[PDB]
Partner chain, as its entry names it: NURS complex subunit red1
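Okay, so here's just one chain, in structure tokens, the form deposited without its partner chain.
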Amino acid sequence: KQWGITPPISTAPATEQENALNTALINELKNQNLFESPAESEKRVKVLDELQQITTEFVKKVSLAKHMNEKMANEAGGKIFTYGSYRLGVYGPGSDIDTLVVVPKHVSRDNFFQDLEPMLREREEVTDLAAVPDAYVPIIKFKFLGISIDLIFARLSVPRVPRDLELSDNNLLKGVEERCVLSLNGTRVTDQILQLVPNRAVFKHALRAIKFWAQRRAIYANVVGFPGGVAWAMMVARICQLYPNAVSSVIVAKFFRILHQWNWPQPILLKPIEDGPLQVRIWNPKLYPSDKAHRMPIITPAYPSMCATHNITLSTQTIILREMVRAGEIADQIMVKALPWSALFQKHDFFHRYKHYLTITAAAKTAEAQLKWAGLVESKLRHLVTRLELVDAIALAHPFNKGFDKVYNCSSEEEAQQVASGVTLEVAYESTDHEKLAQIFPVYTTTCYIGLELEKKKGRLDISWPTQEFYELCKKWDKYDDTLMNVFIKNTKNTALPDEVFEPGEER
């Protein structure tokens, strides 16, 4: 069989040395503690079975509440799906479970918040329940027995959602709101990624390596213009198709070279782009100028096909390709036993590569608002880098979204507003992390960075208006409380970088 839309590059089996290196790669992954215990694996299956049970109870309640007869409420059904990194089977310890609840026609999005959310708060196993009703996609986040869940809603047009319902039928997209079809896409894409690889076990191991490399190099974030988890998976899936009989160590070594030499902006396709019954746009750079603008397009296989990497800016494209060339050189040294596998997962050098950094800090006086506020500021970083690209002096803006959390203990309430406004003065602070509590004057800050690459002379660095534009966008937030939340930007030279961004064994 031929996998993918292109004849393979090689169908040779794994050699003797590539099997030994494949074992040493899998061992390196275990040594980094990237696998959870089989206990917590069973625990996630237990939580999904509970949620599936709550789903049947939730749909039956809404059915009976709308005066449907008892027989049809039992037939009403409802099914829990999973997508993202859990459905792929490559997730770290403590990672979330992207979950989809699919309901029949008579179950409204109001029932998702006014009936299902009261059901989850009623249960003892659920903590940290936080529903955002004013989001573009309806989502409810909560911990079930300590396992973080992200639950999105999706109403169909079928009178009943049976338990054996597969989402492969494109006709099930008929008559559902264009909100709800994108929520179906998360599962339909993930199900198809597993169907299109020739070897699922080789794919999962290869993805776990590539994912860990991207996270260690801090190029694993679609919020700031890098490929997201779905994007990296479709990339690793493409190489599996091109080497259908290879082991994981081969897939990884060929992954970096094939992708930085790829003829961009030619898209990465796992299968031919489908047609469908809906009258909605499919990704076509020949028809839509916005699709034409995508620089490194990775196209999802589920109809309707879209570009998972539309956020990729000019800077972030340059950085993805730089990192692939770097990792390609390390991998080829690993495959000739010149280097161990641990070298491939050497952490980023973001705080050593530039002479000019931007410090972006979101501050709030209370820890509850700092969680919401620091997430708003992070979502506007991708616009700052694209705005900084429009500066003549700036050739590249490197976004670093691993926030650094501090808590400043000030004496006067005026000093609280003074440090929240950017005047650090000489106040004592302590480092913390995003695990919160739910004359003490607290100020909680989250610090991101943007590394600047200046243009070189052929034949003056003023970011005042991009900085001020950034403040207005953060403060246009519908939940911006001018009493608690603040945000400021500082020009930071490499020598003035704080000790927080360096580990004990690093230089400055």
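Positions refer to the first chain, counted from 1. Basically, rigid core = biggest C-alpha set you can superpose within 1.5 Å across the two forms.
The entry models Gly459 and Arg460 with a gap of 4 to 9 deposited residues left without coordinates.
In the deposited sequence, the stretch from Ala428 to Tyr429 has no residues without coordinates, so the chain runs on without a break. For the pair 263-271 and 70-78, the mean B factor over Cα atoms is greater in 70-78. Here the stretch with the larger average CA B-factor, out of 20-28 and 483-491, is 483-491. Between the residues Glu378, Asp150, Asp349, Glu177, it is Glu177 that shows the highest Cα B-factor in the PDB record.
The top Cα temperature factor in the record, among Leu184, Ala253, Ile193, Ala369, falls on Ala369. When the CA B factors of the chain's modelled residues are split into thirds, the value for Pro442 lands in the highest one. Per-chain ranking of the deposited C-alpha B factor places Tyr136 in the highest third. Among all modelled residues in its chain, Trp477 ranks in the highest third by Cα B-factor.
Per the deposited record, the Cα B-factor of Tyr449 falls in the lowest third when ranked against the other modelled residues of its chain. Annotation for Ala364: CA B-factor lies in the highest third of the chain's modelled residues.
What comes next is about the form deposited with its partner chain bound, which is not displayed.
Checked against its partner chain in the bound PDB entry, the residues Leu51, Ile463, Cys448, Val59 give one hit for a heavy atom within 4.5 Å, which is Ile463. The closest non-hydrogen atom of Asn491 lies within 4.5 Å of its partner chain in the bound PDB entry. In the bound PDB entry, its partner chain lies within 4.5 Å of some heavy atom of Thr483.
At the 4.5 Å threshold, heavy atoms of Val487 reach its partner chain in the bound PDB entry. Remark: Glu413 counts among the residues lining its partner chain in the bound PDB entry, judged by a heavy atom distance of 4.5 Å or less. With the partner omitted here, the stretch from 360-368, 107-115, 68-76, 299-307 that lies within 4.5 Å of its partner chain by heavy atoms in the bound PDB entry is 360-368.
Shift analysis on the rigid core between this form and the one not shown singles out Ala135 from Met72, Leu314, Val223, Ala135 (C-alpha displacement of 2 Å or more). Core-aligned CA deviation for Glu122 between this form and the one not shown: 2 Å or greater.
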